[PDB]
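Only one chain is given next, in structure tokens, and it is the form deposited in one PDB entry.
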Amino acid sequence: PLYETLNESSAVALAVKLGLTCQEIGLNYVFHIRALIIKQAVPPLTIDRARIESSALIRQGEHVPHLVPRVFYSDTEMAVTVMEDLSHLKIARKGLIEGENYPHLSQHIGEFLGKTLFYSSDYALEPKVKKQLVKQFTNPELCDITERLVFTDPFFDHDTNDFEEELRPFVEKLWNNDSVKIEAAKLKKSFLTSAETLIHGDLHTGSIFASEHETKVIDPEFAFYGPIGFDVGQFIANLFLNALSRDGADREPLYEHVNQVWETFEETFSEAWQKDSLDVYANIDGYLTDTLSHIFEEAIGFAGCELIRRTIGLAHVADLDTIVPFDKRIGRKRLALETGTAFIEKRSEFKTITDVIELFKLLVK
């Protein structure tokens, strides 16, 4: 077997053996070594995610090379990906909580979303080509994490949930809500079955490096063929999660980001569709429009699952957990549950991104 777990010394040796000072800065080792990053999966989760991540980064790079790190080398057996150093940037979630507003974040992520999502779909690819990519990017273990954490466990009294006792009354309201859970189920069924395009699968503010002028999407290890709306919904939900961690007028930049990411996505996806669709149906008046309306509806539903899941599930976000004082934290966490719920149940009622934003604003006053 070719697999050996790396150390600072074997990492530098490998960088040299490929012709391209070391500190481990990381389930994953990250070796920072001009500069370079050598990422390695450690063996509970398969090391195959490293193959997915590298391949997904490379596919993303054909369309948006400026929005993802460049990959210099990958090895499936060693579960290694050698890539661009982005140390000089900050994780978007961390920056946002510190009060950075990143003026271009939404334009950049909108463009990422519109191009990555269009160009790996049946709209852009011969069906026989896409069917082979579905096989290639099948990702059963990482999908399992999402299927459980985003779509199932928050909605029942399951072991993996993690929430304050003061939140219990509002958590049990959700658990006892048949109609929202039926909707969560439909959304999970779409996640399980709708192999529409190659998605990132975990596009939150913690999977983005940012400065004032730059944006880079990282860690596409959850990538697989899933619904187009999913990456869009998770990103939007994480902007709303940051809004909830802020007060008053300080929220406005995040609402502007929600608006702008949808707008840029819709326009980027639309330009790509007009220019590069292989589909004889693509040019029929109203088909692109109805396609977008369905992406929009799903995205809002997936945003609501992400709002709820991050509040009471196993994997929390720092936006909510670091809110002080404690009583303010409980209140804002109740609102994340309630807005997430409204998003899920009302997803088909919204006509524009502005309606989504205005409903959110109303609820969180």
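Residue positions are given as counts along the sequence shown, with the first one as 1.
Notably, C22 is never a gap: all other compared entries of this protein, restricted to those modelling both its neighbours, have coordinates for it, so the one-third criterion is not met.
Across the other entries compared, at least a third leave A13 without coordinates even though the residues on each side are present.
Coordinates are given for every deposited residue between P325 and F326; the gap count there is zero. Deposited sequence between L20 and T21: 4 to 9 residues lack coordinates. Higher mean CA temperature factor, per the PDB entry, when comparing 105-113 with 72-80: 72-80. Remark: stretch with higher mean C-alpha B factor among 299-307 and 55-63 is 55-63. Residue-level temperature factors show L89 in the highest third of its chain, judged at the C-alpha atom. Sorting the modelled residues of the chain by their CA temperature factor places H316 in the middle third. Ranked within its chain, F240 lands in the lowest third, by CA B factor from the PDB record. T352: CA B factor lies in the middle third for its chain, per the PDB record. Sort the modelled residues of the chain by CA B factor and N283 lands in the highest third.
One more form of this protein should be noted, the form solved in complex with a small molecule, which is absent from this view; the next part is about it.
Residue-level contacts in the deposited bound form: of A282, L167, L86, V134, one residue has a heavy atom within 4.5 Å of the small molecule, and it is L86.
Residue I37 is the only one of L335, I312, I37, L320 with a heavy atom lying within 4.5 Å of the small molecule in the deposited bound form. From the list 104-112, 268-276, 78-86, 122-130, the contact stretch for the small molecule in the deposited bound form under a 4.5 Å heavy atom rule is 78-86. Under a 4.5 angstroms non-hydrogen atom cutoff, the small molecule in the deposited bound form has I91 among its neighbouring residues. Proximity of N28 to the small molecule in the deposited bound form: non-hydrogen atoms within 4.5 Å are present. Residue contact check for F224: none of its heavy atoms lie within 4.5 Å of the small molecule in the deposited bound form. Among residues of the shown chain, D219 is one whose heavy atoms approach the small molecule to within 4.5 Å in the deposited bound form.
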